[PDB]
Amino acid sequence: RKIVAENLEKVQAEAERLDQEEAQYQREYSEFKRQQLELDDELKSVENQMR
Amino acid sequence: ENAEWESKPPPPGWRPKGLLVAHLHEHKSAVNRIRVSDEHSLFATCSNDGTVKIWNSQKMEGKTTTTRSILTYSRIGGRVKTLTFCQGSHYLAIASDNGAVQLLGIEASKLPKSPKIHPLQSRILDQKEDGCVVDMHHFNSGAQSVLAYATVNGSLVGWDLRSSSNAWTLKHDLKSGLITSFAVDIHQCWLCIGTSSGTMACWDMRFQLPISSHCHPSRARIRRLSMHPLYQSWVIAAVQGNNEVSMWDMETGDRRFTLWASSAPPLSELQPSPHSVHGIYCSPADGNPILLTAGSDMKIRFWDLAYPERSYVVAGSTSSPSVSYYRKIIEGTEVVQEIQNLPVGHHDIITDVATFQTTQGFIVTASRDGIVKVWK
Amino acid sequence: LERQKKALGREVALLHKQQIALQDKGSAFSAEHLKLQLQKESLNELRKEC
Amino acid sequence: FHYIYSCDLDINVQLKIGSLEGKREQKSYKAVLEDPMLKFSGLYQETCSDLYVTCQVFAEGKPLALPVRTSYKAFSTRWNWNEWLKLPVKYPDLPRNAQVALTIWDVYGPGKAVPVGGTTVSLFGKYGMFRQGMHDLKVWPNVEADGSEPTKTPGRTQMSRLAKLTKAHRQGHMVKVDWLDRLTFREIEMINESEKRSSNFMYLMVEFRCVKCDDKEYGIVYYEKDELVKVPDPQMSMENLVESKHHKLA
């Protein structure tokens, strides 16, 4: 029983690590998507001006 | 109870004929916001060239003198991407892409031959803790001049402008998607946050607790939210695609009006159109709300919500054939479709539509090439 | 002994469930990170074109 | 704002014992190995035990009356007393810092009882008002409810923020909206449920006499009804009690 409990504790630690990594990745994705949408808008605008 | 949805300029542009009175062209890259503060008789526009130009509401007529900006300011840097006049106060606010938010006192109280601008406050945000600013709304609740602003990382904050301290700080989940727009109740009792994945969260500003409101079926990108002047629990969302500007209730969370204006089958989701809408001005007026949407097709539409078949367009090209606006129920929603049978209109994507009035209400617009045109 | 054995069994089952969940979460995280990398590359290309 | 003073209100203070909601910790195998009596203890039985919650009013660290038990009630899956205890003390006889100890008990063996908890909640809270409504006290484990002042087993300490705001809502001090609060209240219910679930300690629910013979709208408030001459003399004209004592005696 003690061994099982210790294994659960380590699993929880790794879960916390994964959660922190997820948070960082989500911030990065937010920034990227912001840039992507802005770029698409500017692309369409420049194309219209060219035509 | 005493506060009103009516903005600075009441609606006297009941019916814009499409006439033009000014062609202010001073910006260089892209105008992306317009504000009007009739308390001081001024209005402002920012852009990506790093400038925030202030004009005059009485010189727009240009009937006698030439039309040019009264002031300028290009010291914030970056790419000024929003601004808001501070109600009941003689200063403005701006937020650059550097991640900087600053006030700018406008010397309107004095009226010398030299209009003046003078920075007052400033607040710089990190690039990994908070991120840049995506929105800004001001309301003078109680005796604290609250200036609520959002951030990319998803932490809506309120920066009191009297004691210079945080009033509240709501946190938003970024597992849904980035924030794109939000609106605040007319009496500061709830707010709606739209995302870039269709989610439209909601919040309870009295308890700072979260309340959900709805999603989107096509999981498209929301571009603009607003508060309806009649339904207390209504937010007018403008989803990308099919030139759509739908309306979603929150107590129940379902669609109740779709301003369909595209070729796709009403309420279709088979990716059929690239057009969208960004820019709106709703006004309840005399119990017959008028709604003007200028979008990415270089048109300025005028929807008469009282009678959908009496709506019309007030800008475009000379080769556009006349159209007809329908009114057909579709699975429990009024879907007002639109079907078709020297040009002064804008030649590129329009990014805003305001309406300031001094004697006869005018309409202001700005395209993605810097042009500005004050219709009548 | 019998009561302790029952408790042990319950704990073992819970641990197994949690371990499988952790493995799935890790795989999803790796996939998402790879997608982000590729997306940023494509964004750079689009910038050049613009 | 209407209220009745504690001095005038002459009835018996009543308290409802609700449900002890929580999880009860057990010992290891060696404990039962050394002391076999634990096997026949109440806690080591599969079904919920027939606990009974005593109650005694304290003041200044001094007991004020005898304790009151709970009438026997069988339990099958939960601890749900739902009983209206009657306390020996009355409202006009409660001092300002009166505090009600409440101890839970369980069988340990033939002719012995063992405390399974203990909680102590003040009666007259802040601003000198009798606590009403349905308060969920905390439960300190394996310690008899302590009555000393200050208590070593206190009952009640973003959950705190919502606790204050909810009160201001029903006292009229809040913005008025129907749907928004209809949903937010369920939100607070879920938040409180989660907070209770996370906490390791137990939590004994309890209710006061919010509804009585009089209108419920009233509230109880602590109350009671108490240069010719320069050098003070505070007993100038009174009875000489020592003189009377001597006169009566012989």
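K.L.:
Please explain the side chain of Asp348 of chain B as it appears in this structure.
P.N.:
In this structure, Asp348 of chain B sits in the loop between β27 (338-340) and β28 (350-354). Of the side chains with opposite charge, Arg368 of chain B comes closest to the buried, unpaired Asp348 of chain B, at an N-O distance of 5.7 Å. A distance of 3.5 Å separates a polar atom in the side chain of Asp348 of chain B from a polar atom in the side chain of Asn48 of chain A. Not counting residues within four places of it along the chain, the set of residues in contact with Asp348 of chain B comprises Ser45, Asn48 and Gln49 of chain A together with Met298, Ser367, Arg368 and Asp369 of chain B.

K.L.:
How should the interface of chain B and chain A be read in this particular structure?
P.N.:
How big an interface is tends to be stated in terms of the accessible area lost upon association of its parts. Taken together, the 20 residues of chain B in the interface contact 15 residues of chain A. Across the chain B to chain A interface the summed buried area is about 1,500 Å²; carbon plus sulfur atoms make up 46%. Looking only at chain B, the three residues that lose the most surface to chain A are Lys128, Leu174 and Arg368 of chain B, adding up to 27% of its buried area. Scanning the region where chain B abuts chain A turns up 2 salt bridges. A salt bridge links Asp41 of chain A to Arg223 of chain B; the nearest nitrogen and oxygen atoms lie 3.9 Å apart. Linking chain B with chain A are 3 residue pairs in polar contact, by the criterion used here. When the residues that make up the side of chain B that touches chain A are grouped by side-chain class, the tally is 7 nonpolar, 3 polar and 10 charged.

K.L.:
Can you help me understand the pattern of salt bridges in this one?
P.N.:
Should the charged atoms of two oppositely charged side chains come close, the side chains can pair. For the structure shown, the criterion picks out 18 salt bridges over all chains. Linking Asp97 of chain B and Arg34 of chain A is a salt bridge whose minimum nitrogen-to-oxygen distance equals 3.9 Å. Here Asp97 of chain B, found in the loop between β5 (91-95) and β6 (100-106), pairs with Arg34 of chain A, found in helix α1 (residues 2-50), and the two come from separate chains. Classification of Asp97 of chain B by relative accessible area gives partly exposed; the value is 28%.

K.L.:
Could you clarify how one ought to interpret the interface of chain C and chain A in this entry?
P.N.:
Counting from both sides, the interface comprises 23 residues of chain C and, opposite them, 19 residues of chain A. Carbon and sulfur atoms make up 72% of the surface buried where chain C meets chain A, a total of about 2,200 Å² over both sides. Here chain C and chain A share 1 salt bridge between them. Here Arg1 of chain A ties to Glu11 of chain C by a salt bridge, and the two come within 3.3 Å at their closest N and O atoms. Inspection of the chain C/chain A interface yields 3 residue pairs in polar contact.

Reading the values: rules and limits
- Residues numbered from 1 in each chain as written, not as in the entry; some residues may be left out.
- Chains lettered and ligands numbered in written order.
- Part of a larger assembly, values for the part shown.
- Heavy atoms only, no water.
- Helix = DSSP H or I, 4+ residues; strand = E, 2+ residues; numbered from the N terminus.
- Buried < 20%, exposed > 50% of the residue type's maximum accessible area, 1.4 Å probe, protein only.
- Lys, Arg positive; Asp, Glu negative; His and termini not counted.
- Salt bridge = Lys/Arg side-chain N within 4 Å of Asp/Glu carboxyl O.
- Polar contact = N/O pair within 3.5 Å; in protein donor to acceptor, adjacent residues only side chain to side chain.
- Contact = heavy atoms within 4.5 Å.
- Buried area = accessible area lost by both parts, 1.4 Å probe.
- Nonpolar A, V, L, I, M, F, W, Y, C, P; charged D, E, K, R; others polar.

These results come straight from atomic positions and should not be treated as a statement about function.
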